[PDB]
Amino acid sequence: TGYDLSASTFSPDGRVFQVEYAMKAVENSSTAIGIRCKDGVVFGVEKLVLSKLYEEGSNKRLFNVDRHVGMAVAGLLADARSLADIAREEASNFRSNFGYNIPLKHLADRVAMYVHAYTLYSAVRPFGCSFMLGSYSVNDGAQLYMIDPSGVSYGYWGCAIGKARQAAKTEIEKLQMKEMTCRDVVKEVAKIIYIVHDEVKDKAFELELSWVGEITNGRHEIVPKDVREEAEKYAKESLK
Amino acid sequence: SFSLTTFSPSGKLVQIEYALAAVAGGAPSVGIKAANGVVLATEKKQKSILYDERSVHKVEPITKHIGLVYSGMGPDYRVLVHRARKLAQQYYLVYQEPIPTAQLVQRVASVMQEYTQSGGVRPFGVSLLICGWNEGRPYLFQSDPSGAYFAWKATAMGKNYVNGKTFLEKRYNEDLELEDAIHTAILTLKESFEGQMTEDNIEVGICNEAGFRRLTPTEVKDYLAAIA
Amino acid sequence: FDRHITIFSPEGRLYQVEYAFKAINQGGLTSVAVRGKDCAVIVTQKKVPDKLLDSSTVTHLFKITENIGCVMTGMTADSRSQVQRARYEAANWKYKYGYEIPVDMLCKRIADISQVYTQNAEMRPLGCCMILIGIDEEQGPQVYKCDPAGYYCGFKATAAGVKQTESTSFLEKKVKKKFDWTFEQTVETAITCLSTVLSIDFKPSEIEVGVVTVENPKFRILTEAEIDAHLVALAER
Amino acid sequence: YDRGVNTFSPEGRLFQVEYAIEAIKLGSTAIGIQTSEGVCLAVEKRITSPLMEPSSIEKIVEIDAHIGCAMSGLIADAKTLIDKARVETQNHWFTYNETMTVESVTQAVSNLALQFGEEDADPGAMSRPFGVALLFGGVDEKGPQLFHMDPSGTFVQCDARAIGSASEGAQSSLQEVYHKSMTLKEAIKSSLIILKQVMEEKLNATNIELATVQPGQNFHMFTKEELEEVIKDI
Amino acid sequence: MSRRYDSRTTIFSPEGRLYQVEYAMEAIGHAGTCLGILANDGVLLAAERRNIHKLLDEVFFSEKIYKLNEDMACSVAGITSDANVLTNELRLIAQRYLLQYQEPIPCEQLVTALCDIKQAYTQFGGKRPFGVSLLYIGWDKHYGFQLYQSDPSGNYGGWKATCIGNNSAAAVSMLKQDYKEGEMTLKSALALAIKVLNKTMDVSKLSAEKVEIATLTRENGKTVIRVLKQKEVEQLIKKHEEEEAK
Amino acid sequence: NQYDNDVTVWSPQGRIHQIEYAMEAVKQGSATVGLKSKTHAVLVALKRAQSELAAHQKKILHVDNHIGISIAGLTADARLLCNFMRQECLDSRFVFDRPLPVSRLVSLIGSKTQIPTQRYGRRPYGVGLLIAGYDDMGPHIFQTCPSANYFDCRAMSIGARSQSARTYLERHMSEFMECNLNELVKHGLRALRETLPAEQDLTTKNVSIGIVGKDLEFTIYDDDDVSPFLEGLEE
Amino acid sequence: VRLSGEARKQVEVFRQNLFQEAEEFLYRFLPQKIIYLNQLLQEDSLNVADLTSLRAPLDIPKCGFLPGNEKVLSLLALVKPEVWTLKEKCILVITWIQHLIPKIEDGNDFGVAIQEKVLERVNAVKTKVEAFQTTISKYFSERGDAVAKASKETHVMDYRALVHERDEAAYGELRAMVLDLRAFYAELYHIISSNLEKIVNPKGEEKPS
Amino acid sequence: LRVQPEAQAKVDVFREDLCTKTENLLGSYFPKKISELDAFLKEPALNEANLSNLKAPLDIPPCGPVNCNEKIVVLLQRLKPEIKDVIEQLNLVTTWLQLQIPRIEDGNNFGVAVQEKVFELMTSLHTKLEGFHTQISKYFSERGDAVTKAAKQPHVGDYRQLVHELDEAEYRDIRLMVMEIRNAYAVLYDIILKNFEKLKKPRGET
Amino acid sequence: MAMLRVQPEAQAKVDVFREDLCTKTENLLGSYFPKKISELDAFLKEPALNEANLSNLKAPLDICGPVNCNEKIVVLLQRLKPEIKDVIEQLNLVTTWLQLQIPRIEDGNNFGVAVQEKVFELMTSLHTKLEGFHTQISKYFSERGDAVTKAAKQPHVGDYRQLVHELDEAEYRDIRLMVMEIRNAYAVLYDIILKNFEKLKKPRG
């Protein structure tokens with residue numbers, strides 16, 4: 001038909017299929033989830049082990065955009081690291097401009113505007129990656145935003161990206177996440193990770209968890225191995 | 001950056017051919033040059049009462065002694081408005097005088113030719129009808145998207161323009177006062193227009209020794225009485 | 001090639017511009033704004049499909065400046081992109097011409113932005129149409145609407161989205177009979193317009209209503225408590 | 001057609017690079033030989049009519065005093081590289097004040113082979129791949145060396161190499177005549193044997209050009225006098 | 001820059017020709033008849049008028065005839081759009097000549113200057129070529145009275161007499177018969193052009209409005225260019241209508 | 001069909017065939033293998049000759065004192081990118097006056113390959129890389145892809161018939177950590193054997209290696225030092 | 001041209017009736033006739049799995065009377081009327097969709113293109129229904145010449161089995177026709193009702209004129 | 001227009017039947033017919049290396065009745081209903097795809113081409129299946145026309161060779177037709193079972 | 001793993017059946033075909049299949065008694081019956097084998113699968129030649145019968161007994177040219193699988 005060839009050419013129904021196909025590439029990526037509470041925001045990501053030949057800590061899926069701003073990306077890892085440095089340039093230029101840390105709503109806007117700029121031009125291609133952006137502050141509080149390949153940000157009490165999303169979002173709705181504390185939320189995050197992954201296609205994986213909130217003193221910090229193993233044992237109590 | 005307008009196997013430009021077919025189906029517009037003034041009567045038709053007639057006007061002046069009407073696309077016309085008005089400004093910058101209509105239409109029609117050559121751009125979809133007053137002699141010119149500008153005593157443009165030209169061919173002749181020029185421009189406008197005719201449906205303006213001025217809906221209603 | 005890039009069709013039309021109009025109905029929303037005597041009111045539907053979705057982060061009512069309100073009907077990606085540039089153009093007015101931009105000159109520069117997308121085949125047009133309100137100190141309240149083609153005109157009331165002709169048809173009932181337009185009365189017609197066409201009876205949490213008045217030139221979105229006060233009292237009569 | 005010069009094959013190879021090597025089969029045959037006593041180069045003038053002057057045909061060009069060169073494939077693309085290779089060779093002596101290793105000669109020329117593209121380039125960018133194959137012979141601190149390049153830019157050290165239309169049967173013939181310590185004069189004899197077999201015309205003193213470089217003598221082109229003494233030894 | 005939208009106007013035909021150039025001359029072939037004659041005492045350039053309507057104004061000058069400079073003039077056959085830019089560029093080129101050399105431009109220099117611009121657009125740039133063919137008249141200090149002809153491909157040549165547009169081959173055939181080289185003067189060439197105009201034009205009732213005639217001659221050290229008034233052309237019609245029938 | 005013409009146009013499944021054709025270009029090159037211990041790192045490179053008379057090509061490129069790399073893919077695409085890798089490493093010692101971290105170099109390699117993808121008209125770099133280096137944290141084996149993806153690795157084998165080596169790399173992975181420099185060469189050359197045909201196996205002419213270590217800078221071996229390394233290894 | 005006022009009245013009455021004709025077949029016939037032929041195909045008459053007893057063998061020697069197949073001829077009472085009814089109504093659907101074709105345009109015709117692609121599939125149904133009309137009448141012309149030749153030949157008995165093969169093809173078509181005609185009712189409902197919005201609205205009529 | 005809800009409810013039950021029938025058609029009918037016809041080719045009634053039992057030594061008068069070949073036709077007695085079974089099963093798959101095909105639009109039409117090849121293959125199978133039973137009818141027609149022209153022309157001994165070859169040709173074609181129907185199951189069952197994710201859900205889940 | 005109800009026992013009946021087609025076809029492609037090419041060469045070396053001059057075969061016409069077939073041609077037709085029957089089965093098994101080999105294809109154009117389709121396209125040309133000649137086996141006898149018939153209708157017309165004689169030569173030569181096509185059938189089909197068998201999928205998980 002030739003209508004879906006370029007993003008600058010509209011479909012007969014008034015849509016851009018090039019942006020839609022970039023979203024279908026995100027559905028093949030591994031699952032990553034996050035939840036915000038009064039104490040902070042808890043991150044988790046399923047990092048698939050491709051081979052035993054890879055060193056521990058390889059293919060880190062927990063991205064740090066800014067001191068108070070964490071990020072988890074599911075999609076093409078080439079466009080992921082691209083936007084990763086670009087999002088850091090926007091946060092660095094912000095502090096080079098206004099002299100403090102950019103709020104999460106203002107950062108999600110500038111990044112999403114940079115994502116939508118490539119959907120207009122036919123000489124470039126849109127991003128094939130989708131990601132969530134958490135933050136915490138004493139004036140704002142725990143905040144969680146997700147940006148799609150089309151460059152639109154939505155506020156979320158919780159979100160799930162990658163292959164399995166709607167299934168993980170319903171499990172979060174079954175229990176109130178607001179009054180919980182990040183110590184109890186990571187217990188549910190690891191619980192959902194074990195529910196999402198079964199042995200059918202994928203073989204093995206590793207739990208990559210991250211915290212921001214009162215426990216981390218409002219700064220983006222990875223979860224240590226000691227607490228990670230103890231958080232797994234809390235999920236090892238059930239599985240079922 | 002490659003030219004979208006190319007020569008057909010018959011030699012004619014394909015892109016400008018649809019430009020002339022676009023302005024042929026626009027809003028009906030007529031004009032007449034008679035005696036010391038030129039009458040411009042166009043069609044502004046609103047699809048509902050919610051529409052405010054004072055917000056958007058189709059008849060716009062280029063300068064004091066010059067005015068212009070149009071039949072064709074809306075957006076391409078306001079691009080012509082800005083550039084033609086800025087051309088009259090850059091004129092008054094250099095020459096510090098009111099611009100002659102012949103020189104105004106010439107360099108504005110050259111802008112229409114730039115997009116029949118430069119790549120990645122479509123030609124204009126608007127056919128301009130220019131009115132001007134210089135040195136005591138009235139001016140009525142007609143320009144199309146092709147870039148070729150002509151001169152006419154009276155003409156018609158827009159939907160059913162062939163009838164308006166034949167009507168003025170029969171009725172209109174020399175020795176018509178400005179009062180008769182308005183009345184004659186209304187009669188040829190009654191033919192192309194269909195339905196009830198009010199002061200809001202038609203937008204009329206004239207240019208005379210006092211310059212180009214647009215008619216208020218009050219005096220238009222006086223001419224709707226078939227008086228002058 | 002007339003249906004791929006923007007070039008003259010055999011009849012002289014532009015199909016890429018027409019598909020930009022068909023991209024408006026793809027949003028799945030309907031908005032209405034009525035110009036009143038001393039006021040201008042915008043009423044749009046607030047959609048929160050997910051329980052986890054934060055309602056405070058989903059807003060269809062946008063603020064271009066203090067005295068100008070905004071609402072976007074169309075593709076959400078194109079909508080938030082134009083408003084950012086609309087705020088870039090509105091601030092460029094004050095940095096240049098010195099005073100708060102009027103709603104007419106604001107819709108003109110925004111329309112000129114869509115004119116560049118139309119004439120040039122390099123950049124595609126945006127599938128969103130902007131509806132702007134405000135109050136000019138001379139002619140009073142000003143309510144305008146700009147389509148992706150670049151057309152704008154003064155409207156006594158505006159309609160956009162899925163419901164267009166039917167929304168205008170109810171607005172014709174009020175203007176032809178020449179009713180009296182006041183702050184409450186215009187909210188009476190705006191809620192009734194969207195409620196009767198969609199067969200809903202909107203709740204205060206289901207909608208968001210921006211308002212501007214002569215006494216309150218600053219644009220403000222009504223609170224659910226006030227919307228409820230403007231609901232049951234509307235349902236009273 | 002319906003593709004760019006940068007478009008990959010379903011097998012992952014550039015069409016423009018594939019057709020570039022296929023165009024060398026239309027060029028002129030030149031056979032280089034590397035020996036312990038030097039590097040031998042031979043090429044045919046390919047005279048299709050007596051009206052032409054053989055002096056205007058130079059298929060063996062001299063890059064440096066001890067460094068020679070050979071030519072085949074498209075003539076138009078070679079004259080651009082022969083000049084560029086000379087300039088970079090002198091830029092070496094202008095910088096390091098020494099003779100460039102023939103491996104670095106092949107290295108500097110191989111850089112400009114795949115630079116070709118369309119977008120994100122300068123006005124000095126090449127549209128189409130080189131249709132020329134080159135042979136760089138010479139003597140340096142490591143002794144006589146003979147190298148070869150293709151349109152893709154790959155340079156490889158070779159004991160013997162043949163280029164041109166006849167390179168198919170000549171390269172297979174070089175493996176037969178080349179054994180162990182065979183000298184320059186013996187390689188010259190075997191060069192004329194293979195070259196006379198692969199050409200369609202008769203071997204004459206003025207029909208072919210012969211040039212050799214030695215460790216104790218600079219690159220030298222044999223004149224008509226010496227060429228008559230060389231062909232006599234057949 | 002999607003490839004599928006490029007026609008690649010630089011493609012040669014299997015016979016070694018350019019398509020966009022050949023289609024340009026065909027559009028010129030439909031233009032009205034325009035001719036010129038080089039004579040001893042002056043140059044003559046006349047043309048017809050294809051646009052005829054009772055409501056036309058034409059209160060200015062000629063239609064297809066333009067004035068390049070004081071000592072030169074030109075006619076036009078082709079698309080009136082591309083003619084306006086060429087007329088502007090020719091005047092710009094002839095004026096840029098006045099910058100450096102500060103003398104009236106020789107008729108040979110102005111022709112080869114525009115043709116170098118025509119060739120450049122067919123060589124590269126991707127823009128369509130020009131659809132206008134131009135005739136040139138004037139006087140210079142070296143060669144004197146001059147008449148030239150230009151093609152949209154950039155090719156040009158000198159001519160004693162020629163014709164462009166409609167009925168070109170018909171007028172050229174008559175120029176090979178009646179035209180006397182080095183004998184007929186500007187006065188005799190005027191009656192000859194009117195004779196060729198009337199016979200080659202199948203449209204009857206030739207009027208001073210329907211045709212246009214312009215003369216350029218050098219008198220007392222000053223180039224004199226004029227366009228004959230409709231009454232003066234009507235007088236020539238009265239002269240030719242006795243020498244046609246009577 | 002018409003979606004393989006360029007990189008920018010997405011397939012209806014959201015895939016770019018030109019990136020796939022670039023990833024299949026790397027598998028058409030020579031087969032090289034590399035591994036690291038808790039101390040040293042060894043890169044075993046297979047050299048091919050264009051013809052029988054031609055000398056073997058060089059698959060090893062020296063980058064930094066502690067860093068080395070093996071190239072598999074289009075030769076010239078590696079060379080332009082090698083000029084980029086060496087420039088960044090020279091810039092590291094030009095600015096920071098310290099050896100560039102191998103993880104930071106590979107991140108710059110991907111950024112260079114991310115530039116051509118998102119833009120129309122510019123081809124991605126169709127060469128793959130197996131790079132090794134030693135730093136304060138020990139040796140590291142990294143692999144890159146023309147898709148711009150890059151991973152951290154204990155040991156890898158790239159090129160044709162690499163799984164027979166990777167299967168060998170899985171079984172002896174437990175030993176790779178505690179072996180010393182002489183054993184890493186024995187396991188590295190025996191790992192190369194699985195990528196090789198059943199006729200031509202091991203000759204010091206077409207087989208070369210390189211080694212980086214704790215206090216040992218990266219050093220390239222060709223023939224003289226490789227001959228005793230092949231001795232005492234039974235295939 | 002020139003036209004009488006009643007000439008347009010004949011078109012308007014035609015347009016209103018043609019509208020209701022397509023409205024009835026869509027919202028009455030299409031849903032109800034699927035379960036019709038579904039129960040017919042599942043009815044014991046069309047559900048017989050034994051085709052050996054459904055054959056009509058005839059003796060091949062005051063010669064005995066030679067009838068046709070009572071099953072095939074009687075089972076046409078289920079098939080034949082649905083064949084004529086579906087074809088008659090598909091014509092009205094074709095006529096209705098063709099009547100909604102707006103002024104023919106060289107662009108913006110996508111709404112017309114959806115109509116044309118539906119016209120091709122509805123006419124494809126009509127074509128297979130016409131093939132069923134052929135099979136109904138062909139069985140009587142083919143078997144007539146087949147049995148008579150089987151009657152003219154007492155030397156070759158297996159023509160009766162050849163005549164039996166026409167019986168298996170007949171009853172095999174009887175189940176195949178009610179299966180295809182039911183599939184037609186199903187395909188027509190799914191194609192028409194889903195694309196009904198585009199056929200009823202081929203043009204937005206937003207033209208700026 | 002105005003949608004009739006009780007008209008859609010009837011069709012909605014029908015597609016659930018088409019899905020339920022397809023459910024048991026893939027998991028039960030398809031694999032069982034593969035093993036059934038595989039044992040039928042292993043049966044000596046079908047596969048025979050020695051064709052001498054098909055000899056038709058016609059002799060050439062009062063004449064008399066001539067029947068068909070017992071071994072061929074009794075073998076055709078099994079082949080014909082199996083042709084009728086596959087036609088009904090392939091029509092159920094086609095009808096099921098007809099409601100699994102999306103609406104008529106131009107775009108996102110790639111990836112459903114696999115679904116287009118499913119009934120494109122069955123269309124070629126239907127053409128073969130119609131020709132399979134047609135050759136059975138032609139066998140009775142051609143063999144009979146050869147004997148009738150033999151009874152009319154006893155002086156031509158070639159008609160003995162016609163029936164002899166037509167008998168051998170048909171029996172050879174019988175096992176060839178079984179190889180077509182059985183393998184048609186295997187090819188169709190392999191295409192659908194692998195593609196079943198995008199065949200039942202071309203656009204996925206809503 | 002299907003969303004439907006799938007009998008695993010009958011599922012395994014397909015697993016074994018598909019492995020039976022694969023195991024048999026691999027032996028037919030790389031063994032049966034090349035081994036019979038050599039046996040078909042010895043066939044053309046047989047004096048029955050090496051004959052230039054057909055003058056030996058004359059029409060045994062008494063033109064009234066029955067006119068039988070040509071015994072020498074029938075014996076040679078019997079040698080073809082196992083050849084024609086096998087190669088028809090070969091095109092039928094490999095056709096199925098081609099589709100079984102084709103893995104899950106989501107979207108796009110795989111050059112390997114496209115070649116596998118081009119293989120069957122070349123196999124249909126052989127299938128047309130096999131259907132034609134297999135029908136000609138009975139047609140040789142049918143046209144011979146109608147020719148002896150026309151010879152009986154016109155006993156004094158020599159055009160028919162010249163026709164019957166030339167039909168005999170046309171029978172044998174269409175037979176011997178068929179053996180060359182049977183060899184070319186096994187040759188090309190084996191050359192297809194021998195030159196490249198690789199591309200049909202993208203393995204190495």
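Each residue's number is its place along the chain shown, starting with 1.
Including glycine, each Cβ sits where the backbone N, Cα and C put it.
Residues or ranges marked as phosphoserine in Swiss-Prot (evidence: similarity to another entry): F:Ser107, F:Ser174. The O-linked glycosylation site annotation in Swiss-Prot covers F:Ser107. What Swiss-Prot lists as ubiquitin cross-link is F:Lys112, F:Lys205.
Here the features listed in Swiss-Prot are placed on the structure.
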| residue | record | CB count, 10 Å |
| --- | --- | --- |
| F:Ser107 | phosphoserine | 14 |
| F:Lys112 | ubiquitin cross-link | 15 |
| F:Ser174 | phosphoserine | 8 |
| F:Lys205 | ubiquitin cross-link | 13 |
Measuring CA to CA, name the entry from the recorded positions F:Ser107, F:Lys112, F:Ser174 that ends up nearest F:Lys205 (ubiquitin cross-link).
F:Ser174
F:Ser107 (phosphoserine) to F:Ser174 (phosphoserine): how many Å between their Cα atoms?
28
Provide, as an integer number of angstrom, the distance between the C-alpha atoms of F:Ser174 (phosphoserine) and F:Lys112 (ubiquitin cross-link).
35
Near chain I by Cβ (under 8 Å): which of the recorded positions F:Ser107, F:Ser174, F:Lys205?
none
